[PDB]
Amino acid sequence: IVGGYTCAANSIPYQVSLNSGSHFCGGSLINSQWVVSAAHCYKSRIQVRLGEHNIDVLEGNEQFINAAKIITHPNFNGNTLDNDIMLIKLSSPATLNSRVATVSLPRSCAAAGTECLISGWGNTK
């Protein structure tokens, strides 16, 4: 995130970090067993890290759960990134609490001009 601000700790409780030794992508928790992410983030093995704020320091609210299934959209196009969506099944259900929580799927598309919140551990310059 370039030009953003630091989120208040655990104020984005549906945000997860996808880890294969180190952070490489984000995702969103949509029920206790499933994370939605991007298909170009595919790896054969992924550890899902929930409840994170500082991804380098153990703070006490983390849950580290390895993926049991990883399902990319069947019509993903790796050249154009069309259909860039992926579902990750956790090998055990996350424990939902005040710092690990789901985000709702949309009931309709958002109108142009709608203000949204974007978050992640991506590059800041």
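Numbering starts at 1 and follows the sequence shown.
Comparing 12 to 20 with 103 to 111, the higher mean C-alpha B-factor in the PDB entry belongs to 103 to 111. As listed in the deposited structure, the average C-alpha B-factor of 22 to 30 and of 56 to 64 is greater for 56 to 64. Per the PDB record, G78 has a higher Cα B-factor than any other of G51, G78, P74, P93. The PDB entry assigns the greatest CA B-factor among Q47, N97, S37, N83 to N97. When the modelled residues of the chain are ordered by C-alpha B-factor, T6 sits in the highest third.
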